[PDB]
Amino acid sequence: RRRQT
Amino acid sequence: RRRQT
Amino acid sequence: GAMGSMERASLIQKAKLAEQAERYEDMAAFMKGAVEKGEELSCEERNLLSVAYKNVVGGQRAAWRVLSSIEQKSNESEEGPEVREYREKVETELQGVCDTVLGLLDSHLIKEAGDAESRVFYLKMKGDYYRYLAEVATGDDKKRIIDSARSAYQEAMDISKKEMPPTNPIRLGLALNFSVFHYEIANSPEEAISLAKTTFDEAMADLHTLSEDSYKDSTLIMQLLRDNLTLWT
Amino acid sequence: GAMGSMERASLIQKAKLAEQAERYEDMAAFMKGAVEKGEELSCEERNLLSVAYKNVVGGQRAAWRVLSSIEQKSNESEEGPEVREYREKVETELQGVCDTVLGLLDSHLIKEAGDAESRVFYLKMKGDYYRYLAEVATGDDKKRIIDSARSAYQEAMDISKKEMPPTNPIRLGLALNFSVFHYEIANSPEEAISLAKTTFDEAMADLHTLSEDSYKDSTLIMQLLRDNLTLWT
Ligand SMILES: N=C(N)c1cc(-c2ccccc2)c(CNC(=O)[C@H]2CCCOCC2)s1
Ligand SMILES: N=C(N)c1cc(-c2ccccc2)c(CNC(=O)[C@H]2CCCOCC2)s1
Ligand SMILES: [Cl-]
Ligand SMILES: [Cl-]
Ligand SMILES: [Mg+2]
Ligand SMILES: [Mg+2]
Ligand SMILES: [Mg+2]
Ligand SMILES: [Mg+2]
Ligand SMILES: [Mg+2]
Ligand SMILES: [Mg+2]
């Protein structure tokens, strides 16, 4: 998963 | 559903 | 144009990169530049052209439908001109894209296309982009726009029936789109249903001639014809 | 600019329509026009500004990452300049969008923002758009770009801690983004993890003060902090 912003 | 093209 | 200084091969390479990056406006500009080099397009290059503008105009059409629906509800409601203005803005941009594509076909892709596969491809595109113009048309010229779509589709159908097998994926996608033209532009739902059924059935009877990979390509498009039939019946 | 002749209220109305139509470039242009009218922005209007440019730059960033990966693999491989040229094109367009947003913040959104909620919002945006510049930076000024992001985030954090409850959604999204800044821009993964954990825990302990609807808003952002912690540990 790609980190969240 | 929407018709297909 | 802005792409006149770039090599044709570099434009094609960058169109493929733009596709991978989902940058379809860039993709369309690169392929417009490639067309304007004046050389015929290969099968792969024709697909790049079609994919790019399909995605550009597809976003505009989807936005136009959202705005048209909001505009319709506003005309049933508490009252200003903003909804109409912004729908008109999107509509004008959409018409500009359609005019650009039709201009590439007319100068000079169609007249230099002698093979059935290329000529049918471009005439189908001509029908498609007049159809998109017809979707938003309302004035003195709506009937002529519709007849321009019809005429291009009809010439493509005539060639495809004579020169291509009934499972050819371009023939099948042409018939799919001409069927939708009948259904929702020309107000001929019975013609639409008849064309989708005859196209499906004649493709099914030719599947036995195909390789595994061609079979996959053809049956994918046959399922779109079946989906529309299921929706319409 | 091109929006100087349109009423502020019409620009805001059309920004909302563009959002509904997923026309985020239009949305950003309308909100840029609204900002340039010179009046402060409401909470709703600040969100419209943020949503528009988030989506515009988000598409550019995603495309840049695709192209950068292709470029990297090409530099491991069969050899031309096209990949680099097109990555540079997208990069320059991305930098232009970031510069435009930073210019709106500097002229004159930040200096006129006196309330904590507005000032923290704009300083967070300043940190975000310097961070996006940092993602693509490589030259003499990369360190100054990073420090500009840090400084804006730090001032926003200082105000938010003094003036907002630990469950405030802008405070939480600020901490989320400053944590990601630490992790992947500043090469400070321990600071990133520490900030995400302390932010999460202090929000949890304040949830009891909230209404059902505020609780939903806060816990949504707390889950993003938890997602990153799970990814990083
Ligand atoms: N970059 C793109 N989007 C494409 C490039 C090529 C391509 C064409 C010729 C040679 C090399 C690549 C495409 C072929 N199109 C299709 O639709 C496929 C399924 C339907 C019927 O045709 C069979 C293939 S799509
Ligand atoms: N058009 C848009 N995209 C938005 C308009 C408004 C808006 C703001 C004020 C008044 C009316 C509408 C938004 C509020 N934003 C949020 O994130 C929500 C969840 C996270 C924390 O805040 C609580 C609300 S989003
Ligand atoms: Cl408008
Ligand atoms: Cl380029
Ligand atoms: Mg040459
Ligand atoms: Mg019009
Ligand atoms: Mg009947
Ligand atoms: Mg006024
Ligand atoms: Mg550069
Ligand atoms: Mg440790």
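One-based numbering along the chain as shown.
A Cβ is built for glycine as well, from the same backbone N, Cα and C atoms used for every other residue.
Annotated features in the PDB entry:
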SEQADV    D:1-5  expression tag
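Taken verbatim from Swiss-Prot:
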MOD_RES   D:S10  phosphoserine
SITE      D:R61  site 'Interaction with phosphoserine on interacting protein'
MOD_RES   D:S77  phosphoserine
SITE      D:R131  site 'Interaction with phosphoserine on interacting protein'
> Considering only the recorded positions D:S10, D:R61, D:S77, which residue has the minimal Cα-Cα separation from D:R131 (site 'Interaction with phosphoserine on interacting protein')?
Replying inline: D:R61
>> Given that 2 residues are missing from the model between D:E76 and D:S77, what is the Cα-Cα distance between those two, in Å?
In response: 6
> Near chain C by Cβ (under 8 Å): which of the recorded positions D:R61, D:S77, D:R131?
Replying inline: none
> Looking only at D:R61, D:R131, the recorded sites on record, which one has the least crowded Cβ, with the fewest other Cβ atoms within 10 Å?
Replying inline: D:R61
>> Give me the CA-CA distance between D:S10 (phosphoserine) and D:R61 (site 'Interaction with phosphoserine on interacting protein'), in Å, as a whole number.
In response: 30
> How big is the Cα-to-Cα gap, in Å, between D:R61 (site 'Interaction with phosphoserine on interacting protein') and D:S77 (phosphoserine)?
Replying inline: 25
> If you run the three-state DSSP split on D:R131 (site 'Interaction with phosphoserine on interacting protein'), which class comes out?
Replying inline: helix
>> Return the count of C-beta atoms lying within 10 angstroms of the C-beta of D:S77 (phosphoserine), excluding that atom itself.
In response: 7
> Any idea what DSSP makes of D:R61 (site 'Interaction with phosphoserine on interacting protein'), helix, strand or coil?
Replying inline: helix
> Among all the protein chains here, how many other CB atoms are within 10 A of the CB of D:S10 (phosphoserine)?
Replying inline: 19
